[PDB]
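Step one of this worksheet: look at the structure below.
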Amino acid sequence: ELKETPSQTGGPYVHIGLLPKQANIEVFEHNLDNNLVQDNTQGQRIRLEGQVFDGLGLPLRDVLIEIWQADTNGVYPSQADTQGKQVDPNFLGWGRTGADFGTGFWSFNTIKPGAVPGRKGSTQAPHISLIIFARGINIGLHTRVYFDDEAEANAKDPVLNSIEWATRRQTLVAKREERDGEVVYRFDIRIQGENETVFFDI
Amino acid sequence: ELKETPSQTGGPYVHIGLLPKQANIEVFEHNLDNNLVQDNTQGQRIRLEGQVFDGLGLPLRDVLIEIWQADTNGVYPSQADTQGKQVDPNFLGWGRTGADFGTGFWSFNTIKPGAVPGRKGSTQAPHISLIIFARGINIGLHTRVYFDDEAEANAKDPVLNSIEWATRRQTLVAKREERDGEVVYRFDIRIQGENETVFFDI
Amino acid sequence: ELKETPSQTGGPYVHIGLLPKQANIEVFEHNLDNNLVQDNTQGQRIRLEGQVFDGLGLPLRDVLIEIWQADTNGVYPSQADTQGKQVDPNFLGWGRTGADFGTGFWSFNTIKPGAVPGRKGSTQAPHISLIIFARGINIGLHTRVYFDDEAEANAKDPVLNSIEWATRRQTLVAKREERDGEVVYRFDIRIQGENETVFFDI
Amino acid sequence: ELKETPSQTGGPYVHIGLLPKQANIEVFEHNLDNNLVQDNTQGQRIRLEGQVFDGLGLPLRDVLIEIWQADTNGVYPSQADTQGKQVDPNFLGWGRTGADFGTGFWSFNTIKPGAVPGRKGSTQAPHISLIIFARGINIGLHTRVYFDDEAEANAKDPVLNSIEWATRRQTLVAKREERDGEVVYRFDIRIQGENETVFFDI
Amino acid sequence: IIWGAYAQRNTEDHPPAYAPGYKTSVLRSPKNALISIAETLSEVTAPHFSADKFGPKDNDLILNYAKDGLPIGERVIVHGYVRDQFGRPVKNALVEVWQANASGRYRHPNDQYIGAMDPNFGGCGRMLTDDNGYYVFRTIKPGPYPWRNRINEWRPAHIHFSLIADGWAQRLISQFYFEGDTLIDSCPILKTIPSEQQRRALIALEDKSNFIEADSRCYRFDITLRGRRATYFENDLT
Amino acid sequence: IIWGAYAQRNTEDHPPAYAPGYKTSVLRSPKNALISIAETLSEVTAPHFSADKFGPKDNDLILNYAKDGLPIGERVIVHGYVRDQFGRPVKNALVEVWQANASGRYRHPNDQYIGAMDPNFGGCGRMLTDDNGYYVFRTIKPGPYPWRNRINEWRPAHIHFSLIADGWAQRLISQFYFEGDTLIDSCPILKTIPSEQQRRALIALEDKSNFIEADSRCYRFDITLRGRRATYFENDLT
Amino acid sequence: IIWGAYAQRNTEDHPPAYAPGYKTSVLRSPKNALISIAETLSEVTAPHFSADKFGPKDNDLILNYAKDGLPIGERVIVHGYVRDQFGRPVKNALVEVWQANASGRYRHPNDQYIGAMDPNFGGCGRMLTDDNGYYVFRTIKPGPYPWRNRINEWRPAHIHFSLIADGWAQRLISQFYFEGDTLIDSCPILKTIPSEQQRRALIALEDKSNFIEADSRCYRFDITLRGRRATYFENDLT
Amino acid sequence: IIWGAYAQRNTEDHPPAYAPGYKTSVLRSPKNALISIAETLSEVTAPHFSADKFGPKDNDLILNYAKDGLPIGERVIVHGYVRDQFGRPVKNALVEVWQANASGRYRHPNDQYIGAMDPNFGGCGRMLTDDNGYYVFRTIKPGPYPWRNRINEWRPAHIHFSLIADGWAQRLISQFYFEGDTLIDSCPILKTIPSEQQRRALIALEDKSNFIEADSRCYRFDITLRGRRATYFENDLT
Ligand SMILES: [Fe+3]
Ligand SMILES: [Fe+3]
Ligand SMILES: [Fe+3]
Ligand SMILES: [Fe+3]
């Protein structure tokens with residue numbers, strides 16, 4: 001048996017390799033980005049946005065974020081999904097973005113995911129899996145984003161209920177807003193300190 | 001010379017072995033508990049109660065607490081007490097309790113201890129020695145409970161005066177209340193954080 | 001190159017795993033046993049029976065025996081048989097039995113095997129290969145059973161003729177009897193001592 | 001923990017030290033011998049006699065034998081006997097003898113022992129514990145002598161029944177004879193070979 | 001002989017309070033250093049428990065909760081000596097133990113592991129050491145216990161124990177393990193102890209000569225408590 | 001490829017028949033040397049068993065005999081590969097196993113040990129290796145078993161196994177043990193094997209990465225059978 | 001084959017979050033312990049990227065940004081295999097890399113080092129592993145990079161890399177170094193990894209036989225991701 | 001304290017019965033294995049001998065047979081302790097010894113060696129151990145003894161000894177040798193013991209500080225007998 005290759009920080013220039021357009025580098029014809037909605041993608045369009053804060057309460061302006069989620073019917077566009085259901089064919093389920101260098105705001109255009117089966121016949125509440133990389137972070141930090149308008153489903157979610165400190169569950173719930181008829185969920189991440197966001201070992 | 005056996009946490013099921021009735025196990029005819037008052041015990045009856053909080057401000061619902069104290073005349077019911085005075089014969093001086101699984105409240109029924117000699121001719125203020133064991137605590141945490149109505153004696157206590165940060169001395173003073181004519185001292189313990197309770201290496 | 005896994009005794013409870021019905025254990029729907037004759041099996045039906053004796057002349061009442069043999073035309077029901085002839089399709093060629101716990105008698109219901117090719121164009125006399133496992137036996141003991149009514153074939157058998165002590169060849173010849181019109185061959189095995197049965201390293 | 005001192009043979013001159021009179025040496029006023037009957041000893045007087053044979057069937061003429069047994073009521077004259085019953089006060093329970101240098105016959109004058117409790121509420125049949133030392137024997141050989149007129153008790157004896165080869169149990173049964181009105185039990189010991197006497201690891 | 005104070009606890013011989021690999025310790029460990037005090041009568045005294053109130057099976061975990069039959073599992077005797085750091089026997093100390101059953105299942109309301117419960121096993125016992133500091137109890141060897149620290153964490157088989165002896169300063173709760181268990185090298189709880197020699201002090205040793213034929217195996221485990229110094233000059237305790 | 005005979009069994013890699021420290025072997029061992037023969041079709045063939053006749057729980061000792069509940073004891077998975085001495089996989093070989101329960105008690109009429117019987121455990125299983133020579137079964141870890149060789153003899157925890165593979169010459173019955181068991185060094189049965197390296201070949205290894213969280217531990221144990229040589233010149237087998 | 005969960009990440013094989021010698025980690029590390037969860041479909045799935053959308057020079061850092069001429073610096077090929085912890089190849093995984101130029105200068109708005117920029121070098125590439133888990137890219141060896149941790153801190157020459165493979169749980173970003181660089185022993189970032197053997201797992205090895213005469217040198221670097229266990233009994237994932 | 005059975009004899013710590021290099025053992029060794037039994041009162045009891053019946057010179061081999069003068073040879077005192085395997089003293093055990101004279105000649109009818117007989121030496125003694133398990137006797141150091149095993153076999157100087165102690169199971173006869181004798185390494189009788197450490201346990205050590213000036217040398221030799229276990233649960237002996 002082999003040991004996993006050890007993690008190292010992404011460093012402050014993580015955008016050269018993962019978002020070259022943000023570093024002003026045009027080498028690729030096709031670039032990966034933060035827009036998961038294609039014209040024929042099914043589902044409710046939402047914008048997910050927020051900032052990431054350090055232990056002094058200041059935003060990280062060099063953080064890189066990725067999300068992974070299921071389609072509108074709760075099916076992942078992955079060969080490892082075993083549900084036997086057809087996935088939306090116009091959905092990658094993944095995106096990557098970087099915080100703005102001046103403000104620290106980050107955003108994704110995506111679709112609100114459908115509920116996905118949990119272990120042993122349970123049902124998970126709708127959620128997006130998110131990972132954060134940046135200078136100072138030695139291993140990507142994993143968290144999940146749930147939605148405040150899915151109160152009933154959240155109350156029954158296996159993962160949220162497995163956090164024994166009930167007060168910390170709320171750090172994983174994004175707040176629904178409606179800017180111009182666009183549905184926006186605000187999700188701020190606090191890496192350290194008061195109201196520190198829950199991070200998982202997955 | 002030998003080294004002391006190293007400590008290990010009591011773990012979350014510490015009640016199976018130390019308070020089997022709280023775990024619903026009836027193996028012993030005589031059980032140890034939190035009532036130190038026998039019918040003929042001398043002294044003022046008091047109830048000592050409180051909660052233990054973790055670093056998030058949440059109560060520990062799996063903590064086990066024990067107390068050790070002198071009788072009403074400040075004599076310990078121990079062969080190692082060298083005062084040459086007779087101890088109350090109907091007093092064990094020790095008790096054990098567990099926090100309630102749902103609320104975290106713990107309590108003891110005991111007697112208010114008399115003052116005990118300190119080192120080098122000094123006099124200690126009335127106090128109860130307390131130890132805390134629980135999941136997450138690697139070595140039992142020792143503290144003492146003094147009483148707020150013993151202002152004069154506390155001001156002169158050798159141990160309280162040996163804490164150089166004066167502001168922390170107050171964490172060891174229980175507050176006297178009178179519920180139904182019963183005298184109750186409330187003593188909350190904060191293991192970590194703001195207003196953290198003083199713990200001793202004895 | 002690897003070394004063969006070393007042998008260890010089967011121990012006295014070898015029936016739990018190899019003949020669970022003899023140990024009174026019903027876990028399997030289909031069980032392996034000592035009857036090699038199916039309704040359509042071709043050939044002369046015979047019963048092979050006997051006892052196994054230790055060095056004091058006492059029967060082993062905890063011995064497990066297996067046999068391996070060819071069909072009536074001398075073809076093994078094995079993919080490794082290279083004769084190019086069709087084997088009887090209703091014949092496993094193998095069976096397992098245990099001695100009776102009280103008497104030590106063991107038995108198999110089978111068919112008298114046809115002659116099988118020997119090395120270098122020779123012909124072996126009809127025989128059944130037998131192995132014995134038991135408490136006290138560190139490695140399964142291999143032997144062969146020939147038949148006393150096949151005098152001519154035995155006289156020419158390559159394996160019997162390779163035993164240089166001629167007197168020991170007779171220990172491998174079973175005696176034909178006729179109980180009720182049933183043909184029975186009696187084969188007693190003497191593990192140690194006078195008239196010790198020949199055992200092979202195969 | 002320490003290991004037992006390893007055994008070594010007694011050698012051919014074992015009588016110099018254990019039966020000096022047999023070697024013609026008068027150094028001790030009081031000598032140990034083969035007569036366990038004192039004038040007031042209680043019980044039926046018997047003579048136990050026999051020979052010890054080697055693997056060629058020849059008697060050992062240099063063997064030393066000792067016996068250890070209970071009194072007539074089955075109580076050992078030992079502080080380790082826990083029966084709470086009074087032992088015959090005129091009984092040592094032990095004796096030592098050597099085979100005759102010319103013939104190999106050995107003998108003891110003793111009393112027929114009463115039955116002794118076995119483990120877990122059982123009852124042992126009357127028996128004498130015997131040990132043999134000699135040139136060629138690296139560790140004293142332990143055996144027991146039972147009596148043929150105690151058929152019923154022998155049938156129920158825990159130790160005899162623990163010998164799984166039933167045929168060997170008879171090697172431990174002495175034969176009662178009546179020479180001149182004297183009761184004699186003949187017990188021959190065969191160290192090796194056919195009808196080898198059972199020896200125990202006690 | 002006039003007794004003085006217990007020798008100082010050697011903090012390097014014990015786990016620290018904050019041990020990040022044992023996750024639950026992160027929020028249950030003081031941020032401030034412990035305040036060391038000079039001992040008084042409060043610290044050098046302790047309660048006395050009477051032998052008369054102990055039941056006959058209090059130290060027999062195989063029978064003290066058996067109802068319809070015997071518990072299932074490996075029959076073992078555990079024995080040893082309790083002494084102080086200067087090698088003196090600790091007499092009449094109260095020793096309490098608790099453990100899981102043969103499946104690694106605890107009889108506790110908060111334990112949901114799938115390993116089977118044993119209706120004839122309780123899992124707790126107690127006893128007083130004798131005048132030589134000797135103790136002996138019998139039990140069923142506990143099975144290893146999976147738990148959530150990292151997701152696939154497994155405790156080696158272990159028995160929890162607690163001692164209340166002569167001085168309150170000697171109060172101690174710990175756990176002991178069984179010689180040869182391969183999980184001992186992976187346990188984050190055992191790894192909170194900083195030194196290898198102290199981790200080995202918690203391993204009970206197979207005691208072959210004390211096995212009882214066709215009945216029970218035996219493990220030997222000695223415990224060392226803090227010890228008192230004697231005073232020959234000024235007596236400042238009082 | 002034309003196959004020739006199996007390579008000779010290396011007698012120095014196996015216990016001898018007469019092994020005085022294992023008492024029962026004294027009267028059950030031949031006085032004469034074994035007679036070695038050159039192999040024929042009889043020795044190079046073996047039966048075939050069909051996958052269709054195996055039940056769904058034949059390799060699950062935890063459930064194949066459970067009636068009212070689950071057996072008590074340590075939940076473990078055992079897996080590994082069966083290969084021949086030249087490293088080739090042994091496909092579709094019949095592997096049968098049997099063992100005691102968690103108390104060290106066998107469900108056998110002749111076992112009177114006092115360790116408790118488990119009404120939900122049978123103790124036998126079987127399976128066929130796959131095309132890669134892989135096998136997997138699940139069971140309860142057996143407890144050590146006292147027996148009468150010397151009066152206080154104790155077997156280390158062990159599982160008995162048997163293989164019927166491609167050639168009758170490969171027929172083998174043995175036993176495997178569990179990494180770290182201290183009784184392994186004292187066992188007279190394991191000591192009949194003359195070499196230390198062969199004694200180690202019977203020890204199943206803890207396989208931590210394959211443990212199933214909050215469920216079962218896992219041990220890895222590979223088995224090597226005799227292997228056939230290929231023929232490139234005269235074919236004398238027939 | 002029915003797949004179960006990925007094996008647990010071994011936290012002792014990775015740097016801790018809080019590593020004071022790497023200053024930026026002090027305010028960007030959680031105070032709370034990570035909460036371990038049992039895996040679901042969310043953790044065992046991951047996206048698929050199509051080979052059709054990759055350009056012909058995406059893995060050729062020497063030419064993918066060259067305008068007027070070739071970049072200045074040492075021409076090197078880097079190749080290797082990506083496998084999971086059980087040794088199975090990781091097929092079609094997305095591998096992205098980025099690095100400084102030959103001067104140790106990054107083409108990034110926030111890099112003000114005085115080492116010269118190279119107008120013909122971009123510093124990023126990507127590729128998909130093949131069916132054997134093999135990847136190959138060509139680039140200019142990066143120069144060491146001074147940075148402000150302590151005032152005179154210098155990173156050894158290194159290439160940053162990222163993998164998105166079969167399961168989200170395998171997601172990994174790290175950096176690899178070049179055999180023999182003396183700065184490797186002084187780097188505070190490499191020193192966040194606790195064990196020497198894991199620090200060595202990030203060093204690419206000179207592969208002399210694969211150098212291309214009068215053209216390019218070659219380094220070999222293999223990567224190991226977490227691996228999935230197979231399920232043979234209950235399937236609880238769903 | 002309730003005593004249980006003696007611990008099992010460790011057969012590997014003793015010579016086997018059949019030891020071909022000691023020729024006489026070939027026809028005087030059982031072919032069958034010994035049958036081990038569980039102990040009863042018969043095995044745990046033993047006789048008591050009274051101190052009153054011992055003469056004043058029973059432990060003085062120099063004077064107990066002297067008639068006209070003192071025996072010729074080396075004056076030596078031998079002393080030591082008899083304990084059980086758990087280190088407890090063996091009180092009032094009967095210790096008997098016998099040996100050859102200074103010429104290596106035994107006063108026995110069957111000894112025809114040419115070494116001279118000593119009219120003032122007998123060669124046997126006895127004593128009871130005291131409450132500390134101590135014994136002391138004085139004698140003439142015996143000379144080595146040629147004998148017919150192979151034609152030129154020679155025993156190292158040795159003293160034969162026998163113990164009857166508390167339990168019949170402790171019954172033991174052995175021989176001890178003298179530090180430095182070169183014949184110890186060649187003796188087939190000493191070589192029946194399988195382990196080197198056990199062969200050394202029979203060598204008496206020169207005890208220089210206990211030599212008596214202008215009179216006698218001194219050797220120290222301790223003996224270990226089997227020991228009893230204590231019972232704390234069921235008492236099955238009866
Ligand atoms: Fe960099
Ligand atoms: Fe525990
Ligand atoms: Fe077995
Ligand atoms: Fe001698």
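Letters A, B, ... mark the chains of the structure tokens in the order given; residue numbers begin at 1 per chain; ligand numbers begin at 1, in order shown.
Within the 10 Å cut-off around residue B:57, using only C-alpha atoms and omitting residues fewer than 4 positions from it on the same chain, the listed residues are residues 167 of chain A; 52, 53, 190, 191, 192, 193 and 194 of chain B; 27 of chain E.
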Go ahead and save the residues from that selection, with C-alpha atoms, as an mmCIF file, in the first residue's frame.
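Done, and the output landed in out-v4.cif:
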```cif
data_model
loop_
_atom_site.group_PDB
_atom_site.id
_atom_site.type_symbol
_atom_site.label_atom_id
_atom_site.label_comp_id
_atom_site.auth_asym_id
_atom_site.auth_seq_id
_atom_site.Cartn_x
_atom_site.Cartn_y
_atom_site.Cartn_z
ATOM 1 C CA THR A 167 -25.132 26.212 17.132
ATOM 2 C CA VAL B 52 -19.736 22.984 32.970
ATOM 3 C CA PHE B 53 -19.207 24.832 29.621
ATOM 4 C CA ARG B 190 -15.976 27.469 32.091
ATOM 5 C CA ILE B 191 -13.301 25.172 30.808
ATOM 6 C CA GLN B 192 -12.012 27.426 28.126
ATOM 7 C CA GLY B 193 -12.276 30.962 26.947
ATOM 8 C CA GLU B 194 -13.563 34.113 28.486
ATOM 9 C CA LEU E 27 -12.759 22.750 23.012
#
```
Counting only C-alpha atoms, which residues of chain E fall within 8 Å of chain F, and what is the closest atom pair for each with its distance in Å at one decimal, ordered by chain and rising number, as JSON lines?
```
{"residue": "E:70", "atom": "CA", "partner": "F:116", "partner_atom": "CA", "distance": 6.1}
{"residue": "E:71", "atom": "CA", "partner": "F:116", "partner_atom": "CA", "distance": 6.6}
{"residue": "E:72", "atom": "CA", "partner": "F:116", "partner_atom": "CA", "distance": 5.2}
{"residue": "E:73", "atom": "CA", "partner": "F:103", "partner_atom": "CA", "distance": 3.9}
{"residue": "E:74", "atom": "CA", "partner": "F:103", "partner_atom": "CA", "distance": 4.8}
{"residue": "E:75", "atom": "CA", "partner": "F:115", "partner_atom": "CA", "distance": 7.1}
{"residue": "E:102", "atom": "CA", "partner": "F:73", "partner_atom": "CA", "distance": 4.9}
{"residue": "E:103", "atom": "CA", "partner": "F:73", "partner_atom": "CA", "distance": 3.9}
{"residue": "E:104", "atom": "CA", "partner": "F:74", "partner_atom": "CA", "distance": 6.8}
{"residue": "E:113", "atom": "CA", "partner": "F:214", "partner_atom": "CA", "distance": 6.6}
{"residue": "E:114", "atom": "CA", "partner": "F:215", "partner_atom": "CA", "distance": 6.7}
{"residue": "E:115", "atom": "CA", "partner": "F:72", "partner_atom": "CA", "distance": 7.1}
{"residue": "E:116", "atom": "CA", "partner": "F:72", "partner_atom": "CA", "distance": 5.2}
{"residue": "E:117", "atom": "CA", "partner": "F:72", "partner_atom": "CA", "distance": 7.0}
{"residue": "E:118", "atom": "CA", "partner": "F:72", "partner_atom": "CA", "distance": 6.8}
{"residue": "E:143", "atom": "CA", "partner": "F:74", "partner_atom": "CA", "distance": 5.9}
{"residue": "E:144", "atom": "CA", "partner": "F:74", "partner_atom": "CA", "distance": 7.5}
{"residue": "E:146", "atom": "CA", "partner": "F:214", "partner_atom": "CA", "distance": 5.2}
{"residue": "E:147", "atom": "CA", "partner": "F:214", "partner_atom": "CA", "distance": 6.5}
{"residue": "E:151", "atom": "CA", "partner": "F:213", "partner_atom": "CA", "distance": 6.3}
{"residue": "E:152", "atom": "CA", "partner": "F:213", "partner_atom": "CA", "distance": 4.5}
{"residue": "E:153", "atom": "CA", "partner": "F:213", "partner_atom": "CA", "distance": 7.4}
{"residue": "E:179", "atom": "CA", "partner": "F:182", "partner_atom": "CA", "distance": 7.2}
{"residue": "E:180", "atom": "CA", "partner": "F:180", "partner_atom": "CA", "distance": 4.6}
{"residue": "E:181", "atom": "CA", "partner": "F:180", "partner_atom": "CA", "distance": 5.9}
{"residue": "E:182", "atom": "CA", "partner": "F:180", "partner_atom": "CA", "distance": 6.1}
{"residue": "E:206", "atom": "CA", "partner": "F:182", "partner_atom": "CA", "distance": 7.4}
{"residue": "E:211", "atom": "CA", "partner": "F:152", "partner_atom": "CA", "distance": 7.3}
{"residue": "E:212", "atom": "CA", "partner": "F:152", "partner_atom": "CA", "distance": 7.0}
{"residue": "E:213", "atom": "CA", "partner": "F:152", "partner_atom": "CA", "distance": 4.5}
{"residue": "E:214", "atom": "CA", "partner": "F:146", "partner_atom": "CA", "distance": 5.2}
{"residue": "E:215", "atom": "CA", "partner": "F:114", "partner_atom": "CA", "distance": 6.7}
```
>> Neighbours of ligand 4 at 10 Å or closer, counting only C-alpha atoms and all ligand atoms: which residues, as a list in words?
In response: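 Using only C-alpha atoms and all ligand atoms, I find these residues within 10 Å of ligand 4: residues 9, 10, 11, 12, 13, 14 and 135 of chain D; 98, 99, 100, 104, 105, 106, 142, 144, 145, 146, 147, 155, 156, 157, 158, 159, 160 and 175 of chain H.
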What would the file look like if the residues just selected were written as an mmCIF file, in the first residue's frame with C-alpha atoms?
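Below is the file that was written, result.cif:
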```cif
data_model
loop_
_atom_site.group_PDB
_atom_site.id
_atom_site.type_symbol
_atom_site.label_atom_id
_atom_site.label_comp_id
_atom_site.auth_asym_id
_atom_site.auth_seq_id
_atom_site.Cartn_x
_atom_site.Cartn_y
_atom_site.Cartn_z
ATOM 1 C CA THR D 9 19.041 -38.484 36.214
ATOM 2 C CA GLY D 10 19.543 -39.965 39.677
ATOM 3 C CA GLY D 11 22.340 -42.104 38.164
ATOM 4 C CA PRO D 12 23.242 -45.732 39.180
ATOM 5 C CA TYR D 13 24.400 -44.863 42.691
ATOM 6 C CA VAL D 14 21.208 -43.094 43.729
ATOM 7 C CA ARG D 135 20.115 -44.425 35.765
ATOM 8 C CA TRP H 98 25.306 -37.771 47.590
ATOM 9 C CA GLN H 99 28.565 -37.730 45.729
ATOM 10 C CA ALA H 100 31.868 -39.338 44.973
ATOM 11 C CA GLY H 104 35.998 -39.464 41.812
ATOM 12 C CA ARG H 105 35.269 -42.803 43.593
ATOM 13 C CA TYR H 106 31.777 -43.670 44.941
ATOM 14 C CA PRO H 142 34.223 -34.558 44.396
ATOM 15 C CA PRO H 144 35.313 -35.990 38.016
ATOM 16 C CA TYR H 145 34.181 -39.593 37.320
ATOM 17 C CA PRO H 146 34.948 -41.657 34.171
ATOM 18 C CA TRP H 147 32.066 -43.852 33.032
ATOM 19 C CA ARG H 155 31.409 -36.590 34.362
ATOM 20 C CA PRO H 156 32.420 -33.039 35.538
ATOM 21 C CA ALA H 157 32.748 -32.898 39.380
ATOM 22 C CA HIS H 158 29.136 -32.942 40.651
ATOM 23 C CA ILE H 159 26.888 -33.405 43.688
ATOM 24 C CA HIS H 160 23.546 -35.216 43.305
ATOM 25 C CA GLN H 175 22.757 -32.571 40.071
#
```
>> At a cut-off of 10 Å, using only C-alpha atoms, what residues contact residue H:83? Leave out same-chain residues fewer than 3 positions from it and give the result as a PyMOL selection string.
In response: (chain D and resi 2+4) or (chain H and resi 80+86-91+132-134+222-227)
Can I get the selected residues back with N, CA, C and O atoms, as a compact mmCIF listing (two decimals), in the first residue's frame?
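Below is the file out_0.txt, written as the result:
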```txt
# COMPACT_ATOMS: atom_id res chain seq x y z
N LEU D 2 10.81 -17.14 38.04
CA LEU D 2 11.94 -18.02 37.86
C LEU D 2 11.54 -19.31 37.17
O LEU D 2 10.42 -19.76 37.29
N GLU D 4 11.85 -23.49 36.90
CA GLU D 4 12.19 -24.61 37.76
C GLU D 4 13.61 -25.08 37.46
O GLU D 4 14.07 -25.11 36.30
N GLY H 80 22.86 -22.00 49.99
CA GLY H 80 21.97 -21.33 49.08
C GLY H 80 20.53 -21.32 49.57
O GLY H 80 20.25 -21.64 50.74
N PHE H 86 7.57 -18.48 41.99
CA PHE H 86 7.08 -17.12 42.24
C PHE H 86 7.95 -16.39 43.28
O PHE H 86 7.57 -15.31 43.74
N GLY H 87 9.12 -17.00 43.59
CA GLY H 87 10.06 -16.37 44.49
C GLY H 87 9.80 -16.55 45.99
O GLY H 87 10.49 -15.95 46.79
N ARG H 88 8.84 -17.37 46.38
CA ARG H 88 8.59 -17.53 47.79
C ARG H 88 9.53 -18.57 48.38
O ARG H 88 9.82 -19.58 47.74
N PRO H 89 9.97 -18.37 49.64
CA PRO H 89 10.88 -19.37 50.24
C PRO H 89 10.20 -20.72 50.46
O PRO H 89 8.98 -20.77 50.71
N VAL H 90 10.96 -21.81 50.32
CA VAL H 90 10.44 -23.17 50.54
C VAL H 90 10.96 -23.56 51.95
O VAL H 90 12.17 -23.73 52.16
N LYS H 91 10.05 -23.61 52.91
CA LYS H 91 10.42 -23.86 54.29
C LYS H 91 10.37 -25.33 54.68
O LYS H 91 9.45 -26.04 54.32
N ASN H 132 13.67 -19.27 55.84
CA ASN H 132 13.96 -18.38 54.74
C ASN H 132 14.27 -19.23 53.52
O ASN H 132 14.61 -18.66 52.48
N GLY H 133 14.14 -20.56 53.63
CA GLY H 133 14.49 -21.39 52.51
C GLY H 133 16.00 -21.63 52.39
O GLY H 133 16.46 -22.21 51.40
N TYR H 134 16.79 -21.24 53.42
CA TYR H 134 18.23 -21.39 53.38
C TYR H 134 18.72 -22.82 53.74
O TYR H 134 18.14 -23.50 54.59
N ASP H 222 21.47 -21.80 44.35
CA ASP H 222 20.04 -21.69 44.69
C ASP H 222 19.20 -22.67 43.82
O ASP H 222 19.63 -23.00 42.69
N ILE H 223 18.05 -23.11 44.32
CA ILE H 223 17.20 -24.12 43.66
C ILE H 223 15.80 -23.57 43.60
O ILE H 223 15.35 -22.95 44.60
N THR H 224 15.14 -23.76 42.44
CA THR H 224 13.79 -23.25 42.27
C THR H 224 12.85 -24.42 42.02
O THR H 224 13.07 -25.23 41.07
N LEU H 225 11.79 -24.49 42.84
CA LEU H 225 10.79 -25.56 42.69
C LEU H 225 9.54 -24.99 42.05
O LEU H 225 9.39 -23.77 41.99
N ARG H 226 8.61 -25.86 41.66
CA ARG H 226 7.36 -25.37 41.10
C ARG H 226 6.60 -24.63 42.18
O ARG H 226 6.76 -24.94 43.37
N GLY H 227 5.78 -23.67 41.78
CA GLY H 227 5.04 -22.91 42.78
C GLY H 227 3.52 -22.99 42.64
O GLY H 227 2.97 -23.17 41.53
```
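Here atom CA of residue E:161 stands at a distance of 6.8 Å from atom CA of residue E:95.
Comparing the minimum interatomic distances between ligand 3 and each of F:199, F:119, F:221, F:111, counting only C-alpha atoms and all ligand atoms, we find that F:111 sits nearest.
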